[PDB]
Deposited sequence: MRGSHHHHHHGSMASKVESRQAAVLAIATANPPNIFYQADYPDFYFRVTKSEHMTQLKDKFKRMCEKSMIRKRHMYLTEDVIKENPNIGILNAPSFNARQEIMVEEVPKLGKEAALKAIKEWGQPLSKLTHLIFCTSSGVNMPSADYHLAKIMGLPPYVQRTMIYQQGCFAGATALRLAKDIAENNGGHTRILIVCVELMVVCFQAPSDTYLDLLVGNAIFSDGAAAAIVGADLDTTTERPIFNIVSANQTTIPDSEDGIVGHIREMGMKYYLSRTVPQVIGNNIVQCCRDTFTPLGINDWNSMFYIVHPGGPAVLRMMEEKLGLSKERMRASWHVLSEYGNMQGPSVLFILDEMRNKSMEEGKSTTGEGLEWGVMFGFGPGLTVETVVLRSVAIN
């Protein structure tokens, strides 16, 4: 189609995670032990129950027990540890982003010199110059790669990078190729347990580390690049009077995340709306940010979805946890790879139209209308 030819497409996807794996079944014992809080028995039971119903099987994490032993204020509640967290993240966030971006560029199959833009997203550390510059340096990007840095936008940053990339790619022409890199390291917000701050306990059961990279461009060269998905449209909306749903406070003791109990119902109730406002509900594919099991379940129940509609998102939640920014790109990668391994008609599990939802502080919702490519 000429319609599909003129429009921004995703040309490659790849992911990376830190090497140390933490199985959720052992995490309550480890979490309450390295923070030296084993005497908070009632709290540990409450946290145990939290990890069991989190539908997370394993998480990858840079913050190991050895790194807590070298930066022990990170494991001591209210203690000054912001400088220690910053030093790690300013170094490690771009490195892990390089691991994922090298793989994405290998799939795209073009030289570094054909990149024109870089969009870097992270809520893990802040610096001047920022992680976008540091990524460009350690990858040897040319001086003409135009950088955009998306700091602290939480779990909708991956979706928002695609909204920006679509307008950049389409308005400057077929030369324009955007590299998107989203990285999260839970060094930023790890906090020791306390019965005063029950809103922080949930985050230590779900948040994890990972990096995803993608290439976006329009007007593709019909011999080197082929699209995995086309970005049809992308729109951000804000839920009125919900600012206290997800709150991140960056402090001398690191970041203090506050997660309201009602976020999954409010998000789930809103994204079901967006689906309807934007588009049989089993005839399209879905990428939902695995904020919690309750959001994915509400999609299924309120839209009457089969089990296979949400499978890629349940999957990334189980194998990686809540990685914030990059998570929707892990699910996009997981959907297309299984679609090809199982020989389905399209990269969207055999279907044509699809939606991607990111959401986070605000509450903010990013909705990306997608379309498969035939396999």
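J.: Pop the missing stretches of the deposited sequence into a list, counting residues from 1 and keeping sequence order.
T.: Since the structure holds only modelled residues, the stretches it omits are 1-14, 294-299, 396.
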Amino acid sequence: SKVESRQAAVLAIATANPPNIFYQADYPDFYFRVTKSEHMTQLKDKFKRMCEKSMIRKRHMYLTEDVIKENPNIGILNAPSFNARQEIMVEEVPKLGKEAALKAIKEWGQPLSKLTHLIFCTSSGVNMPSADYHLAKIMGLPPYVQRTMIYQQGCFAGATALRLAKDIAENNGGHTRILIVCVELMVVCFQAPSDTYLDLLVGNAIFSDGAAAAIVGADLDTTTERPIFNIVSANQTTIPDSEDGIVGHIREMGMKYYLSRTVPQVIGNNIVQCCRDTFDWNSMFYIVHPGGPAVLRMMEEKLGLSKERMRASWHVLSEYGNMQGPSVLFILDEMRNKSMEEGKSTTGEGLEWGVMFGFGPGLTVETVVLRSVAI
From here on, numbers count along this sequence of modelled residues.
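J.: Out of 343-351 and 313-321, which stretch has the higher average CA B-factor listed in the record?
T.: Higher mean C-alpha B-factor: 343-351.
J.: Looking only at CA atoms, which has the higher mean B factor in the entry: 270-278 or 235-243?
T.: Mean CA B-factor is higher for 270-278.
J.: Return the residue from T160, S123, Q110, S130 that has the highest Cα B-factor in the entry.
T.: Max CA B-factor in the entry, restricted to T160, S123, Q110, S130: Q110.
J.: Compare the CA B factors listed in the entry for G154, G210, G173, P94 and report the winner.
T.: Among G154, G210, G173, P94, the PDB entry lists the largest C-alpha B-factor for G173.
J.: What third of its chain's C-alpha B-factors does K106 belong to: lowest, middle or highest?
T.: Highest third of the chain for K106's C-alpha B-factor.
J.: Among the modelled residues of its chain, does the C-alpha B-factor of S327 lie in the lowest, middle or highest third?
T.: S327: CA B-factor falls in the lowest third of its chain.
J.: Using the temperature factors of the C-alpha atoms in this entry, rank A79 within its chain: lowest, middle or highest third.
T.: Middle third.
J.: Report the third (lowest, middle or highest) to which the CA temperature factor of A169 belongs, ranking only the modelled residues of the same chain.
T.: Middle third, going by the recorded CA B-factors of the chain.
J.: In terms of the CA temperature factor given in the entry, to which third of its chain does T224 belong: lowest, middle or highest?
T.: For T224, the deposited C-alpha B-factor lands in the highest third.
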